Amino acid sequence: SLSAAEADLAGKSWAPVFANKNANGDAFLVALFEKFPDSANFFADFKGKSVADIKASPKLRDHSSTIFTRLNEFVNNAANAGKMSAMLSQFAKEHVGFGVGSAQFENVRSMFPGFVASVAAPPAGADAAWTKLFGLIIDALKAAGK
C-alpha cells in the first residue's frame, strides 16, 4: 500500500482526471495503445484492429470506463493496507486470467505520470506515488504467475 502522504498526492493528482472521466478514460487507453500497440491484442474486442478502428469503436468506452472505475477504487483505498492487499490480489488474478502479465503494467507505469500531468499539473511527488502504486500492481502480477 501507499503511505498517507503518497495516497493523498495520488488522490489530488487523480481528481481532475476523474472529473472528466469518460473522455480521459478513452484518451488514456488510446495513448496506451498508440505507443504500446501490442497492448491492444490482449483484448478480444480490439485484437487485430488499428488504433483508428479502436478510436471509433463503441467498445472503447466500455473498456476505458472499467479501467477508470477500478483505478478510482485503488486511489481512494490506497493507504488501507488490508483493503489494498485484497484488491491487488483480486486484480492480479483477474488479469493473469486474461493472459496479462507484469510487462504490460511496466508499460502503463512508464506513461501514466505523464498522462496525468497532461490533464493537470500535479503536486510535486505525485509521480513517485503513481509509480509506486503501479509497482505494487506489478508485484502482485509477478506473485500471481507473470
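Throughout, we count residues from 1 along the sequence that is shown.
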{"item": "Average Cα temperature factor in the PDB entry - higher stretch of 106-114, 45-53", "value": "45-53"}
{"item": "Between the two ranges 97-105 and 24-32, the one averaging a larger CA B factor in the entry", "value": "97-105"}
{"item": "Chain-wide C-alpha B factor ranking for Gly11, given as lowest, middle or highest third", "value": "lowest"}
{"item": "Third assignment of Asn80 from its chain's C-alpha B-factors", "value": "middle"}
{"item": "Ranked C-alpha temperature factor of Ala40 among modelled chain residues, by third", "value": "middle"}
{"item": "Record-listed C-alpha B factor of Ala124: chain third", "value": "highest"}
{"item": "Third of the chain's Cα B-factor distribution that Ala92 belongs to, per the entry", "value": "middle"}
